[PDB]
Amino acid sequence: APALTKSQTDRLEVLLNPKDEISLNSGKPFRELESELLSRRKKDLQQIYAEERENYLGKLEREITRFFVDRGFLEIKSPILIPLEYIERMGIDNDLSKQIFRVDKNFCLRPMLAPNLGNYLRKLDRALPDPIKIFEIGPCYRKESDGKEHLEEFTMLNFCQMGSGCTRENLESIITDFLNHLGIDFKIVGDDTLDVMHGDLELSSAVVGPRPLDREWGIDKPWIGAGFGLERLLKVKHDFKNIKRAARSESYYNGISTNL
């Protein structure tokens, strides 16, 4: 029984699921271990195809949407491709900034939802009663400096409230109800600025305004907001070792390798 090589164990870890109950220094050749795990992963995909058929990331988006709509928040779908000026406007200059995917001279793939939400807040203040509550869920793009927990293409939820009720207590209560509903453990810290943590993993950054650069979006009321990464939430919900398993991918479906 030769020990598994490092590339072999890497291969097996692609096919490994958290609830497998299989330790890999146990006698059997690579080929049998591989063959066992393929068989199981095929079965996993067959079950999904026979019974559920929903993608985890689409499903989560829909669960989150239902949660915020039911709690009085308006669902936004704004452009993914935005003007660079909105980023400049957000404090940043062309010298953080090497993380943006530029598309054209004036355009980039949004790295955040906050700018478009700001515009929606300003415009809806003319139409809607206090408080104004809104959220968006969708793709954001950042070129990685880390990549251990970081994706270049990810999916954020960002919710906002403007006008009355915009306190820390209220912001914590929304966050708390929200993660309790999803069944994800968390603690709230701060880096008012708050961070919502699952062990060493950041689920969300959150803010209670006002912030000085509010006036750049025509915002002059109290507000509170928070952004969450859906793939981070999945990683924790499904106990994935690597966040790549939670992403838009051609290599994983609902965390199951597609290279079988």
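Note that residue numbering begins at 1 and tracks the sequence as displayed.
Per the record, residue 191 and residue 192 are separated by 4 to 9 deposited residues that have no coordinates. Unmodelled residues of the deposited sequence between residue 95 and residue 96: 1 to 3.
Higher mean CA temperature factor between 228-236 and 203-211: 203-211, per the PDB entry. Looking at mean Cα B-factors across 215-223 and 54-62, the upper value is held by 215-223.
Ranking 149, 152, 125, 185 by Cα temperature factor from the entry places 149 first. The top Cα temperature factor in the record, among 173, 78, 106, 158, falls on 106. In this PDB entry, residue 91 carries a Cα temperature factor that places it within the highest third of its chain's modelled residues.
In the deposited entry, the Cα temperature factor of residue 32 places it in the highest third of its chain's modelled residues. Ranked by Cα temperature factor within the chain, residue 180 sits in the lowest third according to the deposited record. When the CA B factors of the chain's modelled residues are split into thirds, the value for residue 70 lands in the lowest one. Sorting the modelled residues of the chain by their CA temperature factor places residue 139 in the lowest third.
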